[PDB]
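Asks: Quick one: this structure, given as structure tokens, is what I'll be asking you about.
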Amino acid sequence: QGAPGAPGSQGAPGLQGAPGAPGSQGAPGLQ
Amino acid sequence: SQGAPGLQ
Amino acid sequence: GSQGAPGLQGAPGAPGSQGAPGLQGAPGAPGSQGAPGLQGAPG
Amino acid sequence: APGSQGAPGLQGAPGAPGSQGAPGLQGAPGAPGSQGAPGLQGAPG
């Protein structure tokens, strides 16, 4: 190979896909 | 530069 | 001489199907409900 | 045959986003709704 001495430690870390679930927020009633 | 076979 | 052109096609990043935006569906109107009945007040 | 490179370790390419990242809105989330406030006409007898 290219003798890749550099470890590359998690050079591609994960992704923040946990955002979502658009089922939030309260709601005014009628009274 | 440093002459050698090409790379991409 | 390393002349082998590493396969750097596009993006090496290899995640999968990140969460897509959220759709909105039937927007019902929570008005008020009942049977339009008369007789409310017999004098 | 001295050193050299070749095809990618992984073919991949699309990187991350798109139909991967933002595949778009999901199933239409919707609820029904009421209408109003009738039955006050009240014409007894």
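By order in the structure tokens, chains are A, B, ...; within a chain, residues start at 1; ligands start at 1, following the order shown.
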Give as a PDB file with N, CA, C and O atoms, in the first residue's frame every residue of chain D that touches chain B within 10 Å, counting only C-alpha atoms.
Replies:
```pdb
ATOM      1  N   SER D   4       2.170   1.525  -5.938  1.00  0.00           N
ATOM      2  CA  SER D   4       1.151   2.070  -6.825  1.00  0.00           C
ATOM      3  C   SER D   4      -0.183   2.005  -6.093  1.00  0.00           C
ATOM      4  O   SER D   4      -0.304   1.385  -5.032  1.00  0.00           O
ATOM      5  N   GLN D   5      -1.182   2.659  -6.673  1.00  0.00           N
ATOM      6  CA  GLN D   5      -2.531   2.712  -6.137  1.00  0.00           C
ATOM      7  C   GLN D   5      -3.492   1.965  -7.059  1.00  0.00           C
ATOM      8  O   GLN D   5      -3.089   1.335  -8.042  1.00  0.00           O
ATOM      9  N   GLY D   6      -4.774   2.036  -6.739  1.00  0.00           N
ATOM     10  CA  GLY D   6      -5.761   1.351  -7.539  1.00  0.00           C
ATOM     11  C   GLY D   6      -7.161   1.803  -7.205  1.00  0.00           C
ATOM     12  O   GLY D   6      -7.374   2.913  -6.717  1.00  0.00           O
TER      13      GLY D   6
END
```
Asks: Using only C-alpha atoms, I'd like every residue of chain A that has an atom within 7 Å of chain C; please write them out as number ranges by chain.
Replies: A: 12, 17, 22
Asks: Distance cut-off 9 Å, counting only C-alpha atoms - which residues of chain A neighbour chain D? Return them as a PyMOL selection string.
Replies: chain A and resi 1-2+15+17
Asks: Provide as a ChimeraX atom specification the residues of chain C at most 7 Å from chain B, counting only C-alpha atoms.
Replies: /C:1-6
Asks: Can you pull out the residues contacting residue D:41? Cut-off 9 Å, using only C-alpha atoms, and skip same-chain residues under 2 positions away; I want them as a list in words.
Replies: residues 36, 37, 38, 39 and 40 of chain C; 38, 39 and 43 of chain D
Asks: Would you put the residues from that selection into a file with C-alpha atoms, as a PDB file, in the first residue's frame?
Replies:
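Dumped everything to again.pdb:
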```pdb
ATOM      1  CA  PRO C  36     -77.841  20.266  14.957  1.00  0.00           C
ATOM      2  CA  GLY C  37     -80.956  19.533  17.010  1.00  0.00           C
ATOM      3  CA  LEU C  38     -83.766  21.973  17.724  1.00  0.00           C
ATOM      4  CA  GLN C  39     -86.001  21.910  20.837  1.00  0.00           C
ATOM      5  CA  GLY C  40     -83.202  23.566  22.850  1.00  0.00           C
TER       6      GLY C  40
ATOM      7  CA  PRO D  38     -75.049  23.678  15.158  1.00  0.00           C
ATOM      8  CA  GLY D  39     -78.257  22.512  16.949  1.00  0.00           C
ATOM      9  CA  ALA D  43     -87.854  25.214  18.006  1.00  0.00           C
TER      10      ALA D  43
END
```
